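Chemist: show me how the following folds:
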Amino acid sequence: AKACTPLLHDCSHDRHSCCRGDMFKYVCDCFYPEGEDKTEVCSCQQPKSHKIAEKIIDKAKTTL
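Modeler: Numbering: from 1, shown residues only. The protein structure is shown below:
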């Protein structure tokens, strides 16, 4: 109960609990695998901004 909820972690209990990012805060994704009113599975993920950013960075780096 000291650390935070980084990428690939349980955030179903809190979507705004995930760790902060360099540009923005991570995003908590949710899914209902045949159980929307039973048990929703959520996990910490990165926003479209962070994703795209990394992609470009990595691409250029490997391109240079």
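
Chemist: the strands in this protein, which residues?
Modeler: Ranges of strands within the chain are 27-31, 41-45, based on DSSP state E.

Chemist: for the residue nearest the centre of the chain, list the residues it contacts.
Modeler: Centroid-nearest residue in the chain, with C-alpha atoms, centre = their mean: residue 45, separated by 1.3 Å. Residue 45 is in contact with 7, 26, 27, 28, 29, counting by C-beta atoms under 8 Å, 6 or more residues apart in numbering. Where you see a C-beta, it was placed from the backbone N, CA and C, and this is true even at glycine.

Chemist: repeat the analysis, applying 6 Å as the threshold.
Modeler: 27, 29 (C-beta atoms under 6 Å, 6 or more residues apart in numbering).

Chemist: which residue ranges of the protein form helices?
Modeler: Remark: helices assigned in the chain by DSSP state H are 48-63.

Chemist: residue 23 and residue 64: what is the separation?
Modeler: With distances taken as C-beta to C-beta, to the nearest Å, residue 23 is found 22 Å from residue 64.
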